[PDB]
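Shown here is one chain on its own, the form deposited in one PDB entry, set out as structure tokens.
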């Protein structure tokens, strides 16, 4: 009789990241309980720049302080953008789905450094330090946040428990919807900071199950320029399936 290697979801998810030859963690929160998965669990309590995940908080602050509204159409004023898909007029929510950086740079400048720093400190997001450069503090420092802090934040958002108005949180949630099927909903925001070394990749969001239960996640991994962006989505979905969250 041979031996049999018995793979639990802990071992499986650890090896998912190994198979991509990189280091990553998947933080899960539900019912105020946090579990860690992946091949680099020490990432969960390490600070990284939030990159594009900061758009979630940018939108909350901008809407709460009435610097924009969900129907405002941000005009493309004619500069060559990083993607052709961004070269159009669009709402804050369409810019969330596209991760259209220039719309969120415009919003950040409307909020202004003073109000932005006070709101970020009031929320206590990450190390809550934004420095003096209002249009890139979430990409090249000094703002940093751990994956555990990101799952705590996004779970509060999902439960409309952040210290913002309930309507503002509901509207930002709606901007983050990624897929709906068979009574499940998945919400989230990807991120990829390429200008720092090592590069950091994010996918933070939550699942709403058919009975209404919320299971939040924050995936955080080291990126390399050769990877497809979808490597984060593939790792998340395979892991959520292994965990029977979907």
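Only residues modelled in both forms are compared. Take the two forms, superpose them, and find the largest set of C-alpha atoms that agree within 1.5 Å; that set is the rigid core. Residue numbers count along the first chain shown, from 1.
Just so you know, the form deposited in another entry exists too; it's not on screen, but the next bit is about it.
- Shift analysis on the rigid core between the shown form and the other one singles out 84 from 133, 174, 84, 161 (C-alpha displacement of 2 Å or more).
- The two forms, fitted on the rigid core, differ between the shown form and the other one by less than 2 Å at the CA of residue 111.
- Once the rigid core is overlaid between the shown form and the other one, residue 149 does not reach a Cα shift of 2 Å, moving by less than that.
- Here residue 123 does not count as shifted, since its C-alpha moves by less than 2 Å between the shown form and the other one after the core is aligned.
- Cα of residue 177 to Cα of residue 88: at least 3 Å shorter in that other deposited form than in the shown structure.
- Distance between the C-alpha atoms of residue 82 and residue 154: longer in that other deposited form than here (change of 3 Å or more).
- Under a 2 Å criterion for C-alpha shift, the consecutive stretches of 3+ residues that differ between the shown form and the other one after core superposition lie at 5-7, 76-89, 99-101.
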